[PDB]
Amino acid sequence: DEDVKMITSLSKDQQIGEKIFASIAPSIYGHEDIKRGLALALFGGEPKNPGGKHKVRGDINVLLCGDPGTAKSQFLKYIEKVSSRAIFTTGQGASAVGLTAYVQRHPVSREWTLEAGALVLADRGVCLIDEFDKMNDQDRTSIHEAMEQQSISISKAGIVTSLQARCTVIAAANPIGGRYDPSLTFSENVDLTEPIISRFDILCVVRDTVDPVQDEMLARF
Amino acid sequence: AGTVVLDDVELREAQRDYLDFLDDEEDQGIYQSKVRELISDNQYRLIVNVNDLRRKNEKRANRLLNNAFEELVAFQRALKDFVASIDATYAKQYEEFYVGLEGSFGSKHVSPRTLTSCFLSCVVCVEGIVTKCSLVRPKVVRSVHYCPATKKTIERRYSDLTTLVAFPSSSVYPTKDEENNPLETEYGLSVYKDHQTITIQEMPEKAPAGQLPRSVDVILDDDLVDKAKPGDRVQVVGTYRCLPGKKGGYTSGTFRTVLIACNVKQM
Ligand SMILES: Nc1ncnc2c1ncn2[C@@H]1O[C@H](COP(=O)(O)OP(=O)(O)OP(=O)(O)O)[C@@H](O)[C@H]1O
Ligand SMILES: [Mg+2]
C-alpha cells in the first residue's frame, strides 16, 4: 500500500528517468548508452493489433557486439538477476536449458515430458543468449521463427503444437576476425545474417581502444 | 462327454437355407462349376460373394454379418454335404472345408484405426500394410503311438481352437501305457497343420498427418500360410474375437483382441 505511494512520489520527482538509467548495472563502469538502452528494453512498450489482422509487438530486442574483455556477459547476468522471469542460455553448447523443444524421457524423474525451449519458457519475460555466433543451424532457425512469428511450432513423436513465444531477446556476440573493423559495416563484421540483424531494434558496438585515463579508471575499479 | 443335442430349429433352418443357396439348378448360379474347379485343383475352400447372398437371402446375410461362428459352421457343414453329394470320394481326403467371403461389406469396411469393440464377434474387412511375419510352424491335430512291449497302437485326437474354451484334461501328450510300458511316437502316422502369425498396419498414405499408426494382429491357418509377406499392401476379411488368457485367480479384466483371417487379398 505505502509502496504504491512511494512509487508515485518517486514519479513526482522530475529526474526519475536519469535515476533509473544510472541505476542499471552498478558493477560495470562506463557504457552509459548501453544502460540507457537496456532501461527501455526492460520497461518495454505496448503491443497493438487492430482487429485480428495486423499484429505489432512491443518487445524491444537488444544486440551487443564487442571485442573480447568488454564484459558483455556481465550485463546479461545482471539482467537475469533483476528480471522477474529471465532465462539464460549459451549457444556454444552443453547449456543447462536448451534452445529447441523436444519430447524425451527425463533422466531424473524418468517421465515422458515435452520440454520446450528457452524461448517458450520465457512468456512475457526476457531470454538471454550468450555466444550468439557459435549457434548451429537448428538454434538459428528456431530463433528466427520465434523472433519473426512470435510462436514456435512442434511436430515430433505424434505431437503437433503451436506455442506462444512473447519474449524479449537480448544477445551478445564477437566480431568475425576477433577485432571490430571501423572501415566495414556492421553486417560485414558479424557472422550473423542480415535478416536476423534486422529483427533487433537496438544494436550496440563496444570497441576496445587504448585510452590511458579510461584504462586507469577501469583498472582501479 | 455323453451330452448330445436332439433338436435345434435355428441351426437346422440355417443349414437348409445354405443348402438352397448353393443348389444352382433352377438358377443361373455358378457355384457348381466352382466346386468342380475346386475338385479339379485339389483345393479345399470356397469364396462366396456377400452381396450375392444378400440379394438371394437378406436375413441370412444379416445374421452372418452380425453373428459369425455359428453361421460359418453351418456353411462348412453345407459344403461338406454338397461335396459329398457331387463326389463323395473326394470328400474323404479332408476333414472339413472352409468358406471365404467377398463383396462390398459397406458399413463394416473398417480401417485399423476404426476397429472397435462394437464389431466384436462379427466379420470385418480391413485394408493395411504388412510389417511383421513369423516362421511357419506345424501344430499337432491327431497323434499316433505304438507299444513295442504289447504290440498295440493307439491314436489320440486334439481339438483346441475348434472349441471356444479348453481344459487341462485335453492337450495332454501320452507317453506311457496303462501298465507303464513305454510308448514310441510314430511321426509318420500323425497329422499336423501349419501355422503363422502376421501384423498389419494402417497405410501411411491413409493415416492422419502427424499421428502415430495403429496395428492389428492376424493368425494365418494351414491354407493361407504363404499368402502374405512383409512390406505388402493387403486386404483381410475375417472374424474379430477375444483371446482367452490362461488360467489364473485374479484377472485385470482386459482381453487381447486378435483377428482370425478367412480371406486375404492382394489388392
Ligand atoms: N567495465 C568493466 N567493469 C568491470 N569488469 C569488467 C569491465 N570490463 C571488463 N571487465 C571484466 O573483464 C572480464 C572479462 O570476462 P567477461 O566474461 O566479462 O568477458 P566478455 O566480454 O563476455 O568476453 P567474451 O567475448 O570472451 O565472451 C570479466 O571478469 C569482467 O568482470
Ligand atoms: Mg562472455
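We're sticking with Swiss-Prot numbering for chain A, so the shown stretch reads 458-678, in order.
Header says: electron microscopy, 3.1 Å.
Quick reminder: no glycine exception, Cβ is built from N, Cα and C everywhere.
Swiss-Prot has this to say about the protein:
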- A:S530, A:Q531: ADP binding site (BINDING)
- A:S484: phosphoserine (MOD_RES)
- A:655-658: motif 'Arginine finger' (MOTIF)
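Listed in sequence order, the recorded positions among A:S484, A:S530, A:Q531 whose CB lies under 6 angstroms from an atom of ligand 2 come out as A:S530. Take the CB of A:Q531 (ADP binding site) and look out to 10 A: across all protein chains shown you find 13 other CB atoms.
Each residue contributes its Cα atom, and for A:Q531 (ADP binding site) and the residue listed as 'phosphoserine' those atoms are 9 Å apart.
Ranking the recorded positions A:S484, A:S530 by C-beta neighbours within 10 Å puts A:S530 at the top. The residue listed as 'phosphoserine' carries neither a helix nor a strand DSSP state and counts as coil. Rounded to a whole number, the C-alpha distance linking the residue listed as 'phosphoserine' with A:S530 (ADP binding site) is 12 angstrom. Break the motif 'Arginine finger' (A:655-658) down by DSSP state and the numbers are 2 helix, 0 strand, 2 coil. According to DSSP, A:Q531 (ADP binding site) is assigned to a helical segment.
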